[PDB]
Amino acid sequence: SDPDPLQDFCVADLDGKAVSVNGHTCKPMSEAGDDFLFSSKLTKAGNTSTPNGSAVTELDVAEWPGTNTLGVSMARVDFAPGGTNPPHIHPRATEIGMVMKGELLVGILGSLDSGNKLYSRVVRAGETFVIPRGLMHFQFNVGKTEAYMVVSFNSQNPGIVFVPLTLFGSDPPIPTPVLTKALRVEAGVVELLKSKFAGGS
């Protein structure tokens, strides 16, 4: 997991010309003020008018510099009815979270040696789930109203590997002959899928 901190605080210096290191350099401690350990960025719902029908509001180190070196971050995800936070992976963190409003089908997938088992259930207000680092998972709003969840991670920068977007809409996209071989369908089907993700999100 993230390297442990070597002092109490180390607020990220996010200036575009800052020297680059693993993670982030820190602003001078003397200059951090009083408020770096607090945020209000998750107070409002994200805009669910997206192709997925969900919206992630990030609270990782990029959005909350006071988390730098501390080995934690958060996010909020809002869902339109029938919206999905699509199959995805966090490459660098375990996730733990709670549904706050509505009803979400939450699915978590084992790796090959676990038989690619799918564990899923309908998670309601106050109920929680845990997703091991690197494993594919999704949420789907099965309710008829807006749902949201609040999640936390054991990294300052868990990363998101969105499976559909990466598979079909990477920069630039994976070669069609790779995808036809991998997906066991003809070029036309792969081309249809790519056309859905050609817009970068």
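Heads up: residue numbers just count along the shown sequence, starting at 1.
- 157-165 and 54-62 differ in mean CA B-factor, and the higher of the two is recorded for 54-62.
- In this crystal structure, the stretch out of 86-94 and 100-108 whose C-alpha atoms carry the higher mean B factor is 100-108.
- Looking at the C-alpha B-factors along this chain, the one for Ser170 belongs to the middle third.
- Per the PDB record, residue ranking by Cα B-factor puts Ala32 in the highest third of the chain.
- When all modelled residues of the chain are sorted by CA temperature factor, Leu183 is found within the highest third.
- Looking at the C-alpha B-factors along this chain, the one for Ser114 belongs to the highest third.
- Ranked by Cα temperature factor within the chain, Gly71 sits in the lowest third according to the deposited record.
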